[PDB]
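Note sheet for the following structure.
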Amino acid sequence: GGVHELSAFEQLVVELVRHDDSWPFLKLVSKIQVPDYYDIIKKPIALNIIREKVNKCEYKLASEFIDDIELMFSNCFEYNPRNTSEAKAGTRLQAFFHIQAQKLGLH
């Protein structure tokens, strides 16, 4: 495995997808299941979208990549109250994100 400019970004996305608590985040929610989601969440995003932005070389700075992941968490907590399985999973995954990002040199 070689070392490349986007290796850290790609690695973090892979680590998040593989974590058990990533299920609320893999793809955007369906408007069929959640009719009011897109009237509430102004800038929807998910791990599939973020992965593709990494693949398509769309991030110029680590801060832009980090901001997209923070947006993903922000939307989740905005729509899902603290007592939901989504928010509980999101809380753990967000900690994992901070810890793993640090290890990869992303601040």
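Residue numbers start at 1 in each chain; chains themselves are named A, B, ... in the order of the structure tokens; ligands are numbered from 1 in the order shown.
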Point to revise | Who sits within 9 Å of residue A:106, only C-alpha atoms, same chain under 4 positions skipped, as a list in words | key: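 Non-adjacent residues within range: residues 8, 9, 62, 63, 66, 98, 100, 101 and 102 of chain A.
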Residues near residue A:20, cut-off 10 Å, only C-alpha atoms, skip fewer than 5 positions along chain, as a tab-separated table (two decimals) with N, CA, C and O atoms, in the first residue's frame:
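Full text of around-v9.tsv as output:
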```tsv
chain	number	residue	atom	x	y	z
A	89	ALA	N	-26.13	6.30	18.01
A	89	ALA	CA	-25.10	5.79	17.11
A	89	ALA	C	-24.21	6.95	16.63
A	89	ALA	O	-22.97	6.84	16.62
A	92	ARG	N	-21.60	8.07	19.27
A	92	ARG	CA	-20.44	7.19	19.32
A	92	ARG	C	-19.56	7.32	18.08
A	92	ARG	O	-18.32	7.36	18.20
A	93	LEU	N	-20.18	7.39	16.91
A	93	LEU	CA	-19.41	7.47	15.67
A	93	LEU	C	-18.64	8.78	15.60
A	93	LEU	O	-17.54	8.83	15.08
```
Practice item. Tell me, as a PyMOL selection string, which residues lie within 12 Å of residue A:65, counting only C-alpha atoms; anything in the same chain fewer than 6 positions away does not count. Key: chain A and resi 6+8-10+12-13+47+49-54+57-59+71-72+101+106-107
Selection file, N, CA and C atoms, as a short mmCIF file (atom, residue, chain, number, x, y, z; two decimals), in the first residue's frame:
```
data_model
loop_
_atom_site.label_atom_id
_atom_site.label_comp_id
_atom_site.auth_asym_id
_atom_site.auth_seq_id
_atom_site.Cartn_x
_atom_site.Cartn_y
_atom_site.Cartn_z
N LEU A 6 -4.31 11.87 -1.02
CA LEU A 6 -5.63 11.71 -0.41
C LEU A 6 -5.79 10.46 0.45
N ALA A 8 -5.13 9.71 3.51
CA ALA A 8 -5.72 9.91 4.82
C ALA A 8 -7.23 10.13 4.75
N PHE A 9 -7.68 10.92 3.77
CA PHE A 9 -9.11 11.18 3.60
C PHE A 9 -9.82 9.87 3.27
N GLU A 10 -9.24 9.11 2.34
CA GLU A 10 -9.83 7.85 1.91
C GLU A 10 -9.88 6.87 3.08
N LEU A 12 -9.99 7.51 6.33
CA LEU A 12 -10.98 7.91 7.34
C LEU A 12 -12.39 7.51 6.90
N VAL A 13 -12.72 7.72 5.62
CA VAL A 13 -14.03 7.33 5.13
C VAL A 13 -14.24 5.83 5.25
N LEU A 47 -22.16 9.58 3.77
CA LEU A 47 -20.84 9.01 3.53
C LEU A 47 -20.62 8.60 2.07
N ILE A 49 -21.76 10.23 -0.58
CA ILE A 49 -21.47 11.50 -1.24
C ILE A 49 -20.05 11.96 -0.92
N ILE A 50 -19.69 11.91 0.36
CA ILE A 50 -18.34 12.31 0.79
C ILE A 50 -17.27 11.42 0.15
N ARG A 51 -17.48 10.11 0.15
CA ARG A 51 -16.54 9.22 -0.55
C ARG A 51 -16.34 9.62 -2.01
N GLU A 52 -17.43 9.92 -2.72
CA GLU A 52 -17.31 10.30 -4.12
C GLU A 52 -16.58 11.62 -4.30
N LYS A 53 -16.80 12.57 -3.38
CA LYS A 53 -16.06 13.83 -3.46
C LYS A 53 -14.55 13.60 -3.28
N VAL A 54 -14.19 12.63 -2.44
CA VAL A 54 -12.79 12.29 -2.27
C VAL A 54 -12.27 11.66 -3.57
N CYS A 57 -11.59 14.12 -6.35
CA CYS A 57 -10.59 15.15 -6.06
C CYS A 57 -11.18 16.54 -5.85
N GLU A 58 -12.27 16.61 -5.09
CA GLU A 58 -13.01 17.85 -4.91
C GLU A 58 -12.59 18.66 -3.68
N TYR A 59 -11.83 18.04 -2.78
CA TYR A 59 -11.39 18.73 -1.57
C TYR A 59 -10.01 19.34 -1.76
N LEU A 71 -20.87 18.45 8.98
CA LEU A 71 -22.20 18.75 8.45
C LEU A 71 -23.09 17.52 8.55
N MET A 72 -22.52 16.37 8.17
CA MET A 72 -23.23 15.10 8.24
C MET A 72 -23.72 14.83 9.66
N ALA A 101 -9.46 10.62 13.25
CA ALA A 101 -8.96 11.74 12.46
C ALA A 101 -7.64 12.25 13.01
N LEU A 106 -5.37 14.59 10.89
CA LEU A 106 -6.41 15.52 10.47
C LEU A 106 -7.00 16.25 11.67
N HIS A 107 -6.85 17.57 11.70
CA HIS A 107 -7.31 18.37 12.82
C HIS A 107 -8.32 19.43 12.37
#
```
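The two atoms in question, atom CA of residue A:97 and atom CA of residue A:16, are spaced 7.1 Å apart.
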Review point. Separation of atom CA of residue A:41 and atom CA of residue A:75, in Å?
Key: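 Separation of atom CA of residue A:41 and atom CA of residue A:75: 6.3 Å.
Proximity ranking of A:104, A:32, A:3, A:45 relative to residue A:76 places A:45 first, based on only C-alpha atoms.
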Practice item. Report the distance between atom CA of residue A:68 and atom CA of residue A:33 in Å, rounded to one decimal place. Key: 23.9 Å
**Study point:** Best match for closeness to residue A:38 among A:94, A:26, A:105, A:79, counting only C-alpha atoms
**Key:**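 Checking each candidate against residue A:38, we get A:79 as the closest.
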Practice item. If you run DSSP over the backbone, which residues in stretch 27-78 of chain A end up alpha helix (DSSP H)? Put them as a PyMOL selection string. Key: chain A and resi 37-40+47-55+62-78
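With distances restricted to only C-alpha atoms, A:40 is the closest residue to residue A:80 from A:14, A:99, A:61, A:40.
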Exercise for review: Have a look at A:39, A:30, A:60, A:77 and name the one nearest to residue A:90; count only C-alpha atoms.
Suggested key: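 When distances to residue A:90 are compared using only C-alpha atoms, the smallest one comes from A:77.
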**Study point:** Pick from A:46, A:29, A:95, A:87 nearest to residue A:17, counting only C-alpha atoms
**Key:**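 Among the listed residues, A:46 lies closest to residue A:17.
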Check your understanding: Of the residues A:85, A:74, A:42, A:55, which is the one nearest to residue A:11, using only C-alpha atoms?
Key ->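 For residue A:11, the nearest of the given residues is A:55.
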